[PDB]
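> In order, the protein sequences belong to chains A and A'. A prime marks a further copy of an entry chain.
The deposited numbering numbers the first residue of the first sequence as 1 and each following residue consecutively.
The deposited numbering numbers the first residue of the second sequence as 1 and each following residue consecutively.
Positions of the beta carbon are idealized from the N, C-alpha and C atoms, including for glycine.
Number of protein chains: 2
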Amino acid sequence: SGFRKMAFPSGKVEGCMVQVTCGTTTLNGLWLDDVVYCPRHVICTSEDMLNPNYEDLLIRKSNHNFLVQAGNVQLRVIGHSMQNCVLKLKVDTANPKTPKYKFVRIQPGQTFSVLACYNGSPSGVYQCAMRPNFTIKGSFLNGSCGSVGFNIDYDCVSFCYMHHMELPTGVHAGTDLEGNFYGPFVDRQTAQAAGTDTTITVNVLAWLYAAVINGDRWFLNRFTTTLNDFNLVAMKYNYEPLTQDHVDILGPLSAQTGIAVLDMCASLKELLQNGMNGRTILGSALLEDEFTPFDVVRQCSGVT
Amino acid sequence: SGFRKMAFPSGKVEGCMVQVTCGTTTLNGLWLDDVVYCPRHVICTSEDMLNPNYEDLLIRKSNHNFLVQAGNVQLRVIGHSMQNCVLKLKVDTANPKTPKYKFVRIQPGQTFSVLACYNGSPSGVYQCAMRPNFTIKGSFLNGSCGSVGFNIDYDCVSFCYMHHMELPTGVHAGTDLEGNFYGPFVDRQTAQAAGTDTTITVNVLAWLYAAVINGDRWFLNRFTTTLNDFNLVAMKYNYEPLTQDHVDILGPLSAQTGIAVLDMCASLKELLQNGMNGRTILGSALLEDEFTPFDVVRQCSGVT
Ligand SMILES: C[C@@]1(C(=O)Nc2nncn2C2CC2)CCOc2ccccc21
Ligand SMILES: C[C@@]1(C(=O)Nc2nncn2C2CC2)CCOc2ccccc21
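(1) Do A':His-172 and ligand 1 come close, with the Cβ less than 6 Å from some heavy atom?
(2) Between the alpha carbons of residue 324 of chain A' and A':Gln-74, how many angstroms are there, rounded?
(3) Can you tell me the Cβ-Cβ gap for A':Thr-292 and A':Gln-107, rounded? I've got them flagged as a contact below 8 Å.
(4) Taking only three categories from DSSP, how would you classify A:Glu-240?
(5) I believe A:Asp-48 touches A:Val-91 by the beta-carbon criterion, under 8 Å. Please report the beta-carbon distance rounded to the nearest angstrom.
(6) Give me whichever residues DSSP pairs with A':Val-68 in a beta bridge.
(7) Within the present structure, is the beta-carbon of A':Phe-140 separated from the nearest heavy atom of ligand 4 by less than 6 Å?
(8) How about the segment 208–221 of chain A' and the segment 155–174 of chain A': do they share at least three Cβ pairs that are nearer than 8 Å?
(9) Taking only beta carbons into account, state which residues of the segment 274–288 of chain A' come closer than 8 Å to chain A, listed in chain order.
(10) Can you find a C-beta in chain A' that's less than 7 Å from the C-beta of A:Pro-108?
(11) Classify A:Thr-45: buried if its beta carbon has 16 or more other beta carbons within 10 angstroms, exposed otherwise.
(12) Looking at ligand 1, does it come within less than 6 Å of A':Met-264, judged from the CB to the closest heavy atom?
(13) For A':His-163, count neighbouring C-beta atoms within 10 Å of its own C-beta (all shown protein chains included) and say buried if the count is 16 or more, exposed if not.
(14) Quick one: what does DSSP say A:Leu-32 is sitting in, helix, strand or coil?
(15) Curious, which full-length beta strand (DSSP E) runs of at least 3 residues does the segment 106–136 of chain A' contain?
(16) Nearest CA to the CA of A':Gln-244: which residue from A':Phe-230, A':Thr-257, A':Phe-159?
(17) Hey, out of A:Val-296, A:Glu-240, A:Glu-288, whose CA is closest to A:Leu-253's CA?
(18) Looking only at its own chain, which residues have a Cβ that is under 6 Å from the Cβ of A:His-246, when we skip the five neighbours before and after it?
(19) A':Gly-278 to A':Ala-285, Cα distance in whole Å?
(20) Report the residue from A':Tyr-118, A':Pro-184, A':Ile-200 whose alpha carbon sits nearest the alpha carbon of A':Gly-71.
(21) In angstroms with no decimal places, state the Cα-to-Cα distance between A:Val-20 and A:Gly-251.
(22) Quick one: list the residues of chain A neighbouring A':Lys-137, beta-carbon separation under 7 Å, in chain order.
(23) So for A':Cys-265, helix, strand or coil by DSSP?
(24) I want to check one thing, is the minimum distance from the CB of A:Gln-192 to the heavy atoms of ligand 1 below 6 Å?
(25) Confirm the yes/no value for this check: CB of A:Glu-166, any heavy atom of ligand 1, distance under 6 Å.
(26) From the beta carbon of A':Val-125, is the nearest beta carbon of chain A less than 7 Å away?
(27) Taking Cβ-Cβ distances shorter than 7 Å, what residues in chain A pair up with A':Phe-159?
(28) Any chance the CB of A:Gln-19 is under 6 Å from a heavy atom of ligand 1?
(29) Over the uninterrupted beta strand (DSSP E) stretch that includes A:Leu-87, give me the two end residues.
(30) Determine which residues of the segment 5–16 of chain A' have a Cβ less than 9 Å from any Cβ of chain A, and write them out in chain order.
(31) For A:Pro-184, count neighbouring Cβ atoms within 10 angstroms of its own Cβ and tell me buried if that reaches 16, exposed if not.
(32) Kindly confirm or deny that the segment 91–105 of chain A and the segment 128–148 of chain A touch, where touching means at least three C-beta pairs closer than 8 Å.
(33) Here's a check: name, in chain order, each residue in its chain whose Cβ is nearer than 6 Å to the Cβ of A':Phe-223, leaving out the five neighbours to either side.
(34) Taking only runs that begin and end inside the segment 38–64 of chain A, name each unbroken alpha helix (DSSP H) of 4 or more residues, in chain order.
(35) Among A':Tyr-182, A':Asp-263, A':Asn-63, whose alpha-carbon lies nearest the alpha-carbon of A':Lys-88?
(36) Please list the residues of the segment 161–175 of chain A' that have a C-beta atom closer than 7 Å to any C-beta atom in chain A, keeping them in chain order.
Rendered as structure tokens:
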């Protein structure tokens, strides 16, 4: 037992991190097969970021201007193209460590692991969620752009995120591996404010189920509620509305614990209305929303 | 910017995980050079755990009774010995993926990453701290024994922990890689209760410095305190006493932020006495103590 904010093992993704340099700018690239993926802002100076015309800035770049280094060995760049906000650099060598992989675009509320990198080298791994306002709250310093977010299904790495930007509020923005930004964000040094960061209700309920499985039961009460009644409270507390799809997804956790989904909603409702009163749930003093119901099942069963 | 509970990249340790089976019991082993390290309780039945005589149980075991599998390939066991609470299985093949490594015994308050494993396969990675009562609060199910805790200094993995046990309270106990338990715990299914789980004061102060660096400054006040005055409050709140050694260790964070160590102690004192009042610091509603001052510097500078 015990329940932790766990990230996927990062080895398969570490084998893909390379360093990409264009002019004075160095960031991270993802090397899969004979292609290196990186944020297109690698071609910009700090001055260009205010109002970059990426197509025009890219005409001045040739294959030899993109320096790609995998560990301490240089990769030969034989092609380059821009797909949305990422550059795809064709190299003459397939990455020998390329794992089985997919490029997926996740939904808000979904979680993933980030392998934070600097100069193509991994610094650490942590678990994130795509917020309902399409930002992530990561740990990213200068040089961390090009670090990726991913999930793993046994031996297949599903890449879902590539880091590009830090908003003036300290939150993070990026793209899927096709270069499309999550949310309305653009790769330009301009006023971009995030919308309401609501709480991922289905994730909190999944985490309440993990708490019951792992022995933290104080918050369980004698009440029940309905989806409509719960959602009035959820609205008031800036929580995502709960749908019948969410109830269905929580079905296995409900079955394993014997606590009906709406009963757990009534427990959550009282926690919202009354607070924790100085108590904790799974070592946290706030309601955690960065575990999906699939993460809870995975961790509570021991999936590898 | 942004600050996260970050674990080290696990690739180097994933390359060392093997499966060890003895009789009906399967757990994890750590393969470094031509030795596989695992908890000695691999030789026990569930019945043996009540009062095992490890030397006597081990006489009935031969090299061929320890089945070691690295991925899907069997390793030939050519020697076996017991060192304290671990077994060292000599195999005929050096692990080709053995990283540069050390075996270190950490102090309470120190943090490390755990690569939770099942049947020699990695399931996830998370950051831990050796609690002041010598327990860890991990996420460990049946079959996770033999999973290891570690730190990394560039390319050198310092192994500090091997998982062995779950106490009836849901907390975890284990050994360093020489097989010596942290704390007073023994590998026997018996009444073992942990002592006071105090808060690692120097870690909380380090995390308050990370919060100021990353923009969360509301808790900064107009006060100062002394070590002796701070420690009276720390005692009342079950916090570890702060020593001049801790003040010295926080020196670089104090320098970087311009906030004297004792001023931050006065901020911590008011947080203890007054609570958070429904506010958060780095997305947490409790004072976090699982970041050392070295972890804060590492993450805030981008060490790889
Ligand atoms: C490259 C840059 C950026 O945000 N980098 C970044 N990302 N996460 C963290 N950091 C560092 C600031 C800490 C700089 C600001 O202008 C922009 C504008 C758009 C896209 C990127 C960027
Ligand atoms: C093997 C065992 C154990 O605690 N295993 C373990 N460790 N972390 C998690 N789990 C599973 C229980 C979930 C079982 C109980 O008796 C003992 C007694 C001593 C040492 C080990 C053990």
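Taking the definition as stated:
(1) Here the question's residue 172 of chain A' lines up with position 172 in the second sequence. Result no, Cβ not under 6 Å from ligand 1.
(2) For chain A', the structure presents residues 1 to 304; residue 324 of chain A' sits outside this window and is missing.
(3) The residue labelled residue 292 of chain A' in the question sits at position 292 within the second sequence. The residue labelled residue 107 of chain A' in the question sits at position 107 within the second sequence. The C-beta distance from A':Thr-292 to A':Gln-107 rounds to 10 Å, too long to meet the 8 Å contact threshold.
(4) Here residue 240 of chain A refers to the residue found at position 240 of the first sequence. Three-state result, A:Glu-240: coil.
(5) The count along the first sequence starts at 1 and reaches residue 48 of chain A at position 48. The count along the first sequence starts at 1 and reaches residue 91 of chain A at position 91. Not really, about 25 Å apart at Cβ, beyond 8 Å.
(6) One-based indexing of the second sequence puts residue 68 of chain A' at position 68. Secondary-structure assignment with DSSP links A':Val-68 through a beta bridge to A':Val-20, A':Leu-75.
(7) With respect to ligand 4, the structure offers nothing, as its ligand set consists of ligand 1 and ligand 2.
(8) No, because fewer than three Cβ pairs between the segment 208–221 of chain A' and the segment 155–174 of chain A' fall closer than 8 Å, the two stretches do not touch.
(9) If the cut-off is 8 Å between Cβ atoms, the segment 274–288 of chain A' has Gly-275, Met-276, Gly-278, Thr-280, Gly-283, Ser-284, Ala-285, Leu-286 near chain A.
(10) Here residue 108 of chain A refers to the residue found at position 108 when the first sequence is read from its first residue. No, A:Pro-108 lies away from the interface with chain A' (no Cβ there is under 7 Å from its Cβ).
(11) Your numbering for residue 45 of chain A matches position 45 in the first sequence. So A:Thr-45 ends up on the exposed side.
(12) Within the second sequence, numbered from 1, the residue matching residue 264 of chain A' stands at position 264. Flag unset: Cβ of A':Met-264 not near ligand 1.
(13) Within the second sequence, residue 163 of chain A' is the residue found at index 163, counting from 1. When all chains shown are included, A':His-163 counts as buried.
(14) By one-based count along the first sequence, residue 32 of chain A stands at place 32. Strand at A:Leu-32.
(15) As far as the segment 106–136 of chain A' is concerned, its whole beta strand (DSSP E) runs of at least 3 residues are 111–118, 121–129.
(16) The residue given as residue 244 of chain A' occupies position 244 in the second sequence. That would be A':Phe-230, whose Cα lies nearest to the Cα of A':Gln-244.
(17) Within the first sequence, numbered from 1, the residue matching residue 253 of chain A stands at position 253. For the residues A:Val-296, A:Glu-240, A:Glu-288, the minimum Cα distance to A:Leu-253 belongs to A:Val-296.
(18) Along the first sequence, read from residue 1 onward, the residue named residue 246 of chain A stands at position 246. The residues are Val-202.
(19) Here residue 278 of chain A' refers to the residue found at position 278 of the second sequence. Here residue 285 of chain A' refers to the residue found at position 285 of the second sequence. Approximately 7 Å between the Cα atoms of the pair.
(20) The residue labelled residue 71 of chain A' in the question sits at position 71 within the second sequence. Selection A':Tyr-118, A':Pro-184, A':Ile-200 evaluated against A':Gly-71 yields A':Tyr-118 as nearest (Cα-Cα).
(21) Start at 1 with the first residue of the first sequence, and residue 20 of chain A comes out as number 20. Start at 1 with the first residue of the first sequence, and residue 251 of chain A comes out as number 251. For A:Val-20 and A:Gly-251, the distance between alpha carbons rounds to 45 Å.
(22) Locating residue 137 of chain A' in the second sequence gives position 137, counting from the first residue. What A':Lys-137 touches in chain A: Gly-2, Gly-283.
(23) In the second sequence, counting from the first residue as 1, residue 265 of chain A' sits at position 265. Shown here, A':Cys-265 sits in a helix according to DSSP, grouped into three states.
(24) Indexing the first sequence from 1 puts residue 192 of chain A at position 192. For ligand 1, not one heavy atom lies less than 6 Å from the Cβ of A:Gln-192.
(25) Here residue 166 of chain A refers to the residue found at position 166 when the first sequence is read from its first residue. Correct: A:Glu-166 has its Cβ closer than 6 Å to ligand 1.
(26) Taking the first residue of the second sequence as 1, we reach residue 125 of chain A' at position 125. Nearest CB-CB separation between A':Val-125 and chain A: below the 7 Å threshold.
(27) Position 159 of the second sequence holds residue 159 of chain A'. Within chain A, no C-beta atom comes less than 7 Å from the C-beta of A':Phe-159; the nearest is roughly 16 Å away.
(28) Start at 1 with the first residue of the first sequence, and residue 19 of chain A comes out as number 19. For ligand 1, not one heavy atom lies less than 6 Å from the Cβ of A:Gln-19.
(29) Residue mapping note: residue 87 of chain A aligns to position 87 of the first sequence, counting from 1. According to the DSSP assignment, A:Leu-87 belongs to the beta strand (DSSP E) that extends over 86–91.
(30) Listed by position, the residues of the segment 5–16 of chain A' near chain A (Cβ gap below 9 Å) are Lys-5, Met-6, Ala-7, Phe-8, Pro-9, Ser-10, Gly-11, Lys-12, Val-13, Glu-14, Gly-15.
(31) On the first sequence, residue 184 of chain A is found 184 positions in, with the first residue counted as 1. Exposed, because fewer than 16 other Cβ atoms sit within 10 Å of the Cβ of A:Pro-184.
(32) At 8 Å Cβ cutoff, the stretches do not touch.
(33) By one-based count along the second sequence, residue 223 of chain A' stands at place 223. Around A':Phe-223: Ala-266.
(34) Taking only runs of at least 4 residues, the alpha helix (DSSP H) segments lying wholly in the segment 38–64 of chain A are 54–59.
(35) Translated into the one-based positions of the second sequence, residue 88 of chain A' becomes position 88. The shortest C-alpha to C-alpha distance from A':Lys-88 to any of A':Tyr-182, A':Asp-263, A':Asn-63 is the one to A':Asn-63.
(36) When CB distances to chain A are screened at a threshold of 7 Å, the residues of the segment 161–175 of chain A' falling below it are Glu-166, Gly-170, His-172, in chain order.
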